[PDB]
Amino acid sequence: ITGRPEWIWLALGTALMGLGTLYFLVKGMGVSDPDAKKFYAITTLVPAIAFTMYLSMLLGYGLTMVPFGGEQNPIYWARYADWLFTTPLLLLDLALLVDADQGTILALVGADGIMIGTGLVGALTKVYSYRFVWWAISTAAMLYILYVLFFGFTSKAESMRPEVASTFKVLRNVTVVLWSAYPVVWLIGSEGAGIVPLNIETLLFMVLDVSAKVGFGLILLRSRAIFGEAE
Amino acid sequence: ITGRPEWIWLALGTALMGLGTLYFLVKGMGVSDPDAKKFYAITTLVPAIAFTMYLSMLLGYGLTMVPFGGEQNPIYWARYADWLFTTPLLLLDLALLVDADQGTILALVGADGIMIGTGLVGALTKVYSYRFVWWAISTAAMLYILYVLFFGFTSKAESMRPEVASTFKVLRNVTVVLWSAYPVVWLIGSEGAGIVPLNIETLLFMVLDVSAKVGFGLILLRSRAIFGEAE
Amino acid sequence: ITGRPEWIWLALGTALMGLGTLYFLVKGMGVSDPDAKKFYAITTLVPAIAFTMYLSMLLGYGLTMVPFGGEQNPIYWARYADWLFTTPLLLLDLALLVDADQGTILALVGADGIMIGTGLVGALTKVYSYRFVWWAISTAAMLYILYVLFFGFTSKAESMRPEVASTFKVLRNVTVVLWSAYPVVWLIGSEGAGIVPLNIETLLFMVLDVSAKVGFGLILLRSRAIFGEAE
Ligand SMILES: CC(C)CCC[C@@H](C)CCC[C@@H](C)CCC[C@@H](C)CCOC[C@@H](CO)OCC[C@H](C)CCC[C@H](C)CCC[C@H](C)CCCC(C)C
Ligand SMILES: CC(C)CCC[C@@H](C)CCC[C@@H](C)CCC[C@@H](C)CCOC[C@@H](CO)OCC[C@H](C)CCC[C@H](C)CCC[C@H](C)CCCC(C)C
Ligand SMILES: CC(C)CCC[C@@H](C)CCC[C@@H](C)CCC[C@@H](C)CCOC[C@@H](CO)OCC[C@H](C)CCC[C@H](C)CCC[C@H](C)CCCC(C)C
Ligand SMILES: *C/C=C(C)/C=C/C=C(C)/C=C/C1=C(C)CCCC1(C)C
Ligand SMILES: *C/C=C(C)/C=C/C=C(C)/C=C/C1=C(C)CCCC1(C)C
Ligand SMILES: *C/C=C(C)/C=C/C=C(C)/C=C/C1=C(C)CCCC1(C)C
Ligand SMILES: CCCCCCCCCCCCCCC
Ligand SMILES: CCCCCCCCCCCCCCC
Ligand SMILES: CCCCCCCCCCCCCCC
Ligand SMILES: CCCCCCCCCCCCCCC
Ligand SMILES: CCCCCCCCCCCCCCC
Ligand SMILES: CCCCCCCCCCCCCCC
Ligand SMILES: CCCCCCCCCCCCCC
Ligand SMILES: CCCCCCCCCCCCCC
Ligand SMILES: CCCCCCCCCCCCC
Ligand SMILES: CCCCCCCCCCCCC
Ligand SMILES: CCCCCCCCCCCCC
Ligand SMILES: CCCCCCCCCCC
Ligand SMILES: CCCCCCCCCCC
Ligand SMILES: CCCCCCCCCCC
Ligand SMILES: CCCCCCCCCC
Ligand SMILES: CCCCCCCCCC
Ligand SMILES: CCCCCCCCCC
Ligand SMILES: CCCCCCCCC
Ligand SMILES: CCCCCCCCC
Ligand SMILES: CCCCCCCCC
Ligand SMILES: CCCCCCCC
Ligand SMILES: CCCCCCCC
Ligand SMILES: CCCCCCCC
Ligand SMILES: CCCCCCCC
Ligand SMILES: CCCCCCCC
Ligand SMILES: CCCCCCCC
Ligand SMILES: CCCCCCCC
């Protein structure tokens, strides 16, 4: 484990995702509202999945070597197995908050799968220049997601209860800022141009992951928007 | 790329799926009917997924070598990753058109997963004679799907609006004819008996894919069956 | 095939899953109740999936070698591909029986995916002591599932029709007893401590699989709880 300088950030990430999972699990014990139960189930699964994948990276299972640039490059593939399941769950939290229609939910989840799937292909591609073709396709899929979150959901939240509109607006802004950083870290990190070393890259993804999952969840599950209007 | 004679058909397929995706995306911009939005989302995702997998084959990522018959045989595995997601989406288009019940939808999607999954196992199997055992199981799963589309959905469409009944009947006939060709191309192509060479096999799958996805989508999204009855 | 002593139990399992699939398929022909159709579709898919994965193990495709303990250990990975899809389908049978809320269904299916996913990682892990870390995480996920089936569903079934309450109680008890045996067989078998040899381990999993899928299905599909109350 300790033979890799980035191990400290993988261990911290593992701990923070595990602690986040347990807090949400305990906090959700005393909840019977069927609407609130939906948000607790979605939001608790997110850091639980991330916990297992951070642990796999810490123990060395989620790491492979990819030859490109005449070098064997360490690629943590477990990140994409994490994101494949956690990013659509996070979008479902937002879509259920605004009572989005089914067709829009399917478009979001499908574009998200394309985003993560093409990012994985780009991470494992051995022809250096082709890695950035996949990065560009994946980034186009992300821009579609961000467009929908702004010019489809925002207008839908305003016609909703005030507390669900204000909570959505906050979580929307958090998501757009944090998610946009991921393609940048990829491009300048060891998967892309190799400007930033792997140990610093790992620290950046850990800060982003914890903020986008645990921080996101703390804002959502403390809001009254997750409960139905009741007397 | 150009070192493979089949590259021209992979490049054409990539272009036609990309163009198809963009047309459906633009055409769906001016749509607010929640029913129509469902069909546009399903139908636009189909060629978008196929685009990415054709590109992976063009660039050489979606290709592996499988030893059988005393030879290293080029097997494009990316086809099955495509079909795993696009064939159930196409069946969902048909099932939603006739307002099929949930139990029937699950049976269709499950049989479809078995069809594609066993076809993938057959494509990667190293014992030559066993490849055709998997082909037979996969073909049995397809025949179940075709039976349901005829002796379960057809009777359901007649009790529906006339425009949804006539549109379903057309898309049903297109699907049964085109899908039935796939097991035949597999059997006589490089995955099976090896009668037809890979470059011709690739041309045939490209014609079938574009027809079953883009051609299918053009018929559906030009129909009024996708809109609810409104004044 | 016959070069492996466990082949006899893989062949028996294949036959019993295939026969089970055909019986459920025939029995479900004469069913039009939309509620009953749901249970028949879920319950017939379970042994059909298991059939294909037992066949892959029989023919040698679903087997790999994992080095640990200074030895190349035969690991049947196809079991986890089976369980990944069949265990959530079995939980869906139970959840639909008691009309569970959506949030609870998602929590069950998500915990089940974590259970199977971490068990697969543990089966393929090359550092011997780490294999049991994954076993423990997977077992914690199972205990969560069992808790929900007892202290969330049981109370919900009592407020239901008497026949659905008594049928659920029976299937609940069958599930908790049979599922609990799996982590024990893993721990003492070739994936874990290696006390029980592989051929005996394979026999035990076959008895458990057939009972948990075909036996489970025979109890459910003979009950009147799967039909709506009708005159
Ligand atoms: C509606 C939305 C959900 C739609 C989703 C969008 C999606 C279509 C976007 C594209 C996804 C696609 C790129 C997934 C590729 C997975 C692949 C990286 C797995 C590893 O295989 C890659 C190479 C080794 O580098 O295999 C070496 C050769 C091996 C012999 C490969 C044989 C196994 C194949 C991988 C079998 C295909 C399985 C499916 C891809 C499983 C789904 C994986 C997940 C990442 C989507
Ligand atoms: C309700 C419906 C959706 C049900 C679906 C029906 C489905 C059950 C039908 C059978 C599907 C099954 C054959 C999928 C097999 C995937 C497999 C080809 C992936 C590549 O692995 C094959 C060998 C190399 O040749 O791995 C070499 C050895 C490696 C060490 C393998 C270890 C990884 C395992 C593959 C882990 C299992 C992952 C799941 C199979 C992922 C789903 C893939 C998709 C193709 C279903
Ligand atoms: C809501 C719920 C459904 C959530 C589900 C819970 C889930 C997150 C729990 C953890 C699942 C995770 C451990 C799955 C790992 C699959 C992995 C074993 C496949 C084989 O790859 C392992 C190594 C060889 O030993 O690959 C060698 C290196 C290769 C180069 C690997 C590159 C391919 C990657 C495997 C791509 C990721 C694909 C996804 C993991 C596909 C889903 C598989 C299924 C088992 C979940
Ligand atoms: C909890 C994890 C989250 C919210 C991860 C989000 C990840 C992304 C938005 C990743 C995007 C990428 C691109 C847009 C292209 C480059 C490759 C990716 C996958 C890093
Ligand atoms: C857009 C792609 C489509 C509609 C693909 C359809 C593919 C099939 C219907 C494939 C069927 C197969 C068999 C029936 C057995 C032989 C292997 C397959 C997977 C080619
Ligand atoms: C039809 C198959 C069924 C119902 C299989 C159930 C399997 C389990 C409940 C497996 C549980 C495991 C653990 C709890 C940890 C050890 C590894 C597993 C996956 C065997
Ligand atoms: C979206 C965030 C990207 C900003 C990356 C900042 C990295 C600064 C760290 C110093 C770079 C290390 C280079 C010298 C080793
Ligand atoms: C009462 C609110 C705080 C509860 C404690 C939460 C502990 C989980 C770890 C959170 C750290 C990361 C927060 C986002 C920066
Ligand atoms: C379902 C369509 C299958 C028909 C295949 C027709 C192939 C004819 C092309 C000529 C065969 C090439 C053999 C000589 C190289
Ligand atoms: C107005 C209808 C035609 C629009 C142009 C569609 C261009 C997408 C490519 C379609 C070619 C394949 C059609 C099926 C044979
Ligand atoms: C949950 C069931 C686990 C019980 C396992 C009993 C196995 C007894 C078979 C004899 C053990 C073989 C050891 C000598 C070869
Ligand atoms: C009339 C009920 C029996 C029908 C025959 C079922 C045959 C399928 C194989 C069942 C054997 C396994 C039963 C569970 C132990
Ligand atoms: C490729 C993996 C995608 C599945 C991720 C799991 C979450 C799915 C959310 C589905 C939302 C409901 C759509 C109607
Ligand atoms: C990782 C694979 C999980 C999917 C298994 C297929 C069954 C899914 C059941 C979904 C139940 C409905 C949830 C609302
Ligand atoms: C185009 C939709 C408007 C909202 C999206 C904001 C774009 C942020 C740019 C992200 C940069 C990634 C490289
Ligand atoms: C048996 C259901 C009737 C409709 C299915 C038509 C069968 C077409 C044969 C396909 C040939 C594939 C080898
Ligand atoms: C803790 C929830 C109560 C019901 C679960 C029964 C636990 C059975 C123990 C299984 C042993 C697996 C190692
Ligand atoms: C080795 C660098 C080659 C540059 C390729 C950049 C491709 C980016 C595509 C974005 C449209
Ligand atoms: C090398 C050819 C061996 C023939 C096997 C055919 C199997 C087909 C099974 C269809 C029932
Ligand atoms: C080689 C045996 C090492 C023992 C590790 C046991 C780990 C079990 C963790 C359960 C909390
Ligand atoms: C609940 C605390 C979980 C912390 C265990 C993971 C941290 C790795 C320490 C080496
Ligand atoms: C929108 C046009 C997309 C065409 C790019 C793919 C074709 C491959 C050319 C080499
Ligand atoms: C319907 C009977 C299915 C039996 C075939 C599988 C058994 C393997 C025999 C070698
Ligand atoms: C993106 C930063 C999240 C901050 C988490 C703190 C929330 C406390 C309510
Ligand atoms: C299967 C052939 C499809 C033909 C596509 C043309 C549709 C234009 C309306
Ligand atoms: C767990 C044992 C199941 C027994 C199956 C027999 C059911 C006949 C109704
Ligand atoms: C990490 C355990 C949390 C302790 C309870 C927090 C207040 C519900
Ligand atoms: C109005 C809410 C602002 C939230 C933005 C937070 C950016 C990290
Ligand atoms: C909408 C604000 C985008 C912020 C992008 C930050 C990328 C590091
Ligand atoms: C009555 C519609 C006929 C459609 C059949 C088209 C076959 C390619
Ligand atoms: C229902 C007509 C079937 C046509 C099969 C064509 C196979 C090449
Ligand atoms: C009251 C029903 C008892 C069922 C338990 C069966 C254990 C195999
Ligand atoms: C609730 C009874 C548990 C039985 C466990 C059996 C494990 C072999």
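Reading the values: the criteria
Residues numbered from 1 in each chain as written, not as in the entry; some residues may be left out. Chains lettered and ligands numbered in written order. Heavy atoms only, no water. Helix = DSSP H or I, 4+ residues; strand = E, 2+ residues; numbered from the N terminus. Rg over C-alpha atoms; globule rule 2.2 N^0.38 Å. Buried < 20%, exposed > 50% of the residue type's maximum accessible area, 1.4 Å probe, protein only. Contact = heavy atoms within 4.5 Å. Near = heavy atom within 4 Å. Nonpolar A, V, L, I, M, F, W, Y, C, P; charged D, E, K, R; others polar. Expected span 1.5 Å × (residues − 1). Least-squares fit on C-alpha atoms. Core = buried A, V, L, I, M, F, W, Y, C linked by side-chain atoms within 4.5 Å. Buried area = accessible area lost by both parts, 1.4 Å probe. Salt bridge = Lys/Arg side-chain N within 4 Å of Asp/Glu carboxyl O. Polar contact = N/O pair within 3.5 Å; in protein donor to acceptor, adjacent residues only side chain to side chain. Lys, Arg positive; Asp, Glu negative; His and termini not counted. UniProt positions renumbered as here; feature names shortened; annotations may be inferred. Pairing = 2+ DSSP bridges. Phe/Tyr/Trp six-rings, centres within 6.5 Å; stacked < 30°, edge-to-face > 60°. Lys NZ or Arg CZ within 6 Å of the ring centre and 35° of its normal.

The helix and strand inventory of chain A stands at eight helices and two strands. Taken against the 2.2 N^0.38 rule, which gives 17 Å for 231 residues, the C-alpha radius of gyration of chain A at 18 Å falls within 12% of a compact globule. Put simply, chain A has 231 residues, and 54% of those count as buried. Considering only contacts in chain A between residues 6 or more positions apart, those separated by 24 or more positions represent 74%.

Residues and elements named next belong to chain B. Around ligand 5, 13 residues are found, and the nearest of them are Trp-135, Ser-138, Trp-179, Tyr-182 and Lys-213. Sorting elements by how many residues they give to the shell around ligand 5 places helix α7 (residues 162-188) first, with four residues. Class assignment for the residues of the shell around ligand 5 results in eight nonpolar, three polar and two charged.

With 23 residues, helix α5 (residues 128-150) of chain B ought to run about 33 Å at 1.5 Å a step, and its terminal C-alpha atoms sit 34 Å apart, in line with that. Among the residues of α5(B), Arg131(B), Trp134(B), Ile137(B), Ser138(B), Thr139(B), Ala141(B), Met142(B), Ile145(B), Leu146(B), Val148(B) and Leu149(B) are the ones counted as buried.

What follows concerns the relation of the copies chain A and chain C. For the pair chain A and chain C, the relating rotation is 120°, the translation along its axis is 0.0 Å, and the fit reaches an RMSD of 0.0 Å. Expressed as a symmetry operation, the mapping of one chain copy onto the other fits a three-fold axis.

Bringing the nonpolar core into the picture now. Of all hydrophobic cores here, the largest spans 219 residues; its most connected members are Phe153(A), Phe153(B) and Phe153(C). Leave out the neighbours within four places in its chain, and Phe153(B) touches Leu94(B), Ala95(B), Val98(B), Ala100(B), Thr104(B), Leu108(B), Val148(B) and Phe168(B).

Looking now at the interface of chain A and chain B. Interfaces are often described in size by the accessible area the parts lose on coming together. Tallying the contact residues gives 18 residues for chain A and 15 residues for chain B. Taken together, both faces of the contact between chain A and chain B bury some 1300 Å²; the carbon and sulfur share is 81%. Ranking the residues of chain A by area buried against chain B places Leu106(A), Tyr130(A) and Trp134(A) at the top, with a combined share of 34%. Here chain A is connected to chain B by one salt bridge. Here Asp101(A) makes a salt bridge to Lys37(B), at a shortest N to O gap of 2.6 Å. Counting across the interface, chain A meets chain B through one residue pair in polar contact. The leading source of residues in the side of chain A that touches chain B is helix α4 (residues 102-124) of chain A, at 11 residues.

Residues and elements named next belong to chain A. As for its position among the elements, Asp-209 is in helix α8 (residues 198-221). Among buried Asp, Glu, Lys and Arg side chains, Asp-209 stands out as unpaired, with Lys-213 the closest opposite charge at 4.1 Å. Polar contacts involving the side chain of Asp-209 include one to the side chain of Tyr-54, which spans 2.6 Å. The residues touching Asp-209, leaving out its near neighbours within four places in the chain, are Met-17, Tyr-54, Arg-79, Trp-83, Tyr-182 and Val-214.

This next bit is on the interface of chain A and chain C. The partner chain C presents 18 residues to the 15 residues of chain A that form the contact. When the buried area of chain A at its contact with chain C is split by residue, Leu45(A), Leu59(A) and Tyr61(A) rank highest and sum to 38% of it. Run the count over chain A and chain C and you get one salt bridge. Where chain A packs against chain C, one counts one residue pair in polar contact. Considering each element in turn, the side of chain A that touches chain C owes the most residues, 11 residues, to helix α2 (residues 34-58) of chain A.

All names here are of chain A. In this structure's numbering, the residues bearing the UniProt feature "transmembrane region" are residues 7-26, 41-59, 77-93, 105-124, 132-151, 170-188 and 201-220. When the span residues 7-26 is considered, its composition is 100% helix and 0% strand, and the gap between its end C-alpha atoms is 29 Å. Secondary structure across residues 105-124 divides into 100% helix and 0% strand, with the first and last C-alpha atoms of the span separated by 29 Å.

Sheet topology note: the strand β1 (residues 63-68) of chain C/strand β2 (residues 71-76) of chain C ladder contains six bridges and is antiparallel. Within β2(C), the residue paired with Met65(C) across the bridge is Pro74(C).

Moving on: the pattern of salt bridges. Where charged atoms from two side chains of opposite charge come close, those side chains can pair. Residue and element names in this part refer to chain B. Applying the stated criterion to the full structure yields 12 salt bridges over all chains. A salt bridge links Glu-163 to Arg-161; the nearest nitrogen and oxygen atoms lie 2.6 Å apart. Overall, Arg-161 belongs to the partly exposed group, its relative accessible area being 24%.

Another point: the packing of aromatic side chains. All chains considered together, the criterion is met by 33 aromatic pairs over all chains. Taking 6.1 Å as the distance between ring centres and 55° as the angle between the ring planes, the aromatic pair formed by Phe153(A) and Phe168(A) counts as tilted. One end of the pair, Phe153(A), is in the loop between α5 (128-150) and α6 (154-158); the other, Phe168(A), is in helix α7 (residues 162-188), and 15 residues separate them in sequence. Comparing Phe153(A) with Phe168(A), the two get one shared label, buried. An angle of 70° between the planes, with centres 5.4 Å apart, marks the rings of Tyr80(B) and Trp83(B) as edge-to-face. One end of the pair, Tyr80(B), and the other, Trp83(B), are both in helix α3 (residues 78-97), three residues apart, so they sit about a helical turn from each other. Through a chain of ring-to-ring contacts, three or more aromatic side chains come together here, namely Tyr80(A), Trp83(A), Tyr182(A) and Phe205(A). Over the ring of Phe68(B) we find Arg131(B), and its NZ or CZ is 4.0 Å from the ring centre.

Position of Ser56(C) relative to the elements: it lies in helix α2 (residues 34-58). Within the structure, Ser56(C) has its side chain in polar contact with the backbone oxygen of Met53(C) (distance 2.8 Å). Discounting residues that sit within four places of it in the chain, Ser56(C) has contacts with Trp134(B), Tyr61(C), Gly62(C) and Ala78(C).

Residues and elements named next belong to chain B. Here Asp-99, not a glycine, exhibits a phi torsion of approximately 55°, which is positive. Position of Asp-99 among the secondary structure elements: in the loop between α3 and α4 (102-124). Since its relative accessible area comes to 52%, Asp-99 is described here as exposed.

Now for the environment of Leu91(B). Residues and elements named next belong to chain B. Tracing the sequence through the fold places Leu-91 in helix α3. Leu-91 sits 81 residues away from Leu-10 along the chain, and the two C-alpha atoms are 25 Å apart. Residues within four places of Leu-91 in sequence aside, it is in contact with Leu-108, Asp-112, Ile-145, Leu-149 and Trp-179.

Glancing now at the environment of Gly117(A). Among the secondary structure elements, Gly117(A) is positioned in helix α4. Spatially, the C-alpha atom of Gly117(A) lies 11 Å from that of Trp135(A), the residues being 18 residues apart in sequence.

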